[PDB]
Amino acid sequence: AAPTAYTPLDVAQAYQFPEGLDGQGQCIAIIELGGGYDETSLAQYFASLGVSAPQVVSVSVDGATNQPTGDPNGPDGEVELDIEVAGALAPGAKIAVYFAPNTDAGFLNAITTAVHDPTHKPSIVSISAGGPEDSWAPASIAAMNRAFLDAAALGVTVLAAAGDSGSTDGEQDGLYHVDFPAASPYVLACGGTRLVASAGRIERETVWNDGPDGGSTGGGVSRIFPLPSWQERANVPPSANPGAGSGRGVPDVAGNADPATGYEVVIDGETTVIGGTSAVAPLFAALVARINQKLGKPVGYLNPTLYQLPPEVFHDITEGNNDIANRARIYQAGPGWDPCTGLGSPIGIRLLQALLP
């Protein structure tokens, strides 16, 4: 009931991120289509958490640059949240922030620029929500999906927030929708939960759903991408939309996103609390950076592997739903993979152990 907040370190601790690793030698690319960040907030924040501040650099795509508007409730909130969560948890990694115009081509160009970047050479790319998959021009979906396929072939991991408006994803057309890029089978789709945790244990973790007013995690069944071969044993249900039909299930994993149990951050000089699935992609980008550091080689495309690992690697979320439109409870969490939280929240050290040869 009482709203709370965690520093990113608290959340990493709850998910048992592997100790002694900080992402040294890795580079995490973060895609942004607006706003900016200021060095003052970043320095104050990293100093406050006691971590050595990671190097953060901006990359201009199609003429766009780092331009904070100064409004803590504007786009700077998302930009600084992304950098602060990733940087606080993989402080040994270099962070490259790619700014592009807010257009389909700018978004595509930022991704490809990051993936093929010979100067920054990122091994991981973190992206926020981009909109209901069926609101996208088909040619844009194809181009974006190919960019993700290329990243997978190149050994670059791509993570994307699943959305903040539940199973309907902000549309009021009487249908359920999943968000893109999360829906691409080549992206690690990140859903959201409400986490109640302390240093040594998770007291409770449920689906993030604060109703129409407070938001809810995206999740569902794609109407564009077929059910991947590697996801056929996850028990993805048919789409809830009349006509049903199988399709790629969203999300793949999930982590704390509820603003009511949000992240303490500093935006435009102001200490405040922010949530949303935009926090989850960078959170897990940091985990992957630590794992890549230990393995000595990037894990790249992880989806097929994740779905074949033993379930002990994940914390299964079984309670809650992401319906903020009606009383049907579509979709609902339950034992095993579900369309609200996927495989659940990863247990960092067990995931690393499972990936060690």
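Residues carry their position along the shown sequence, with the first being 1.
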query	finding
Selected stretch [higher average CA B-factor]: 168-176 or 124-132	168-176
Selected stretch [higher average CA B-factor]: 213-221 or 239-247	239-247
Given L295, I30, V288, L33, the residue at which the Cα B factor reaches its maximum	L295
C-alpha B-factor winner, where the candidates are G191, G276, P226, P118	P118
Cα B factor band for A257 (lowest, middle or highest third within the chain)	lowest
Third of the chain, ranked by Cα B-factor, where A183 sits	lowest
Relative C-alpha B-factor of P91, binned into the chain's lowest, middle or highest third	middle
Position of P72 among the chain's modelled residues by C-alpha B-factor, lowest, middle or highest third	highest
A153 CA temperature factor, ranked by third within the chain	highest
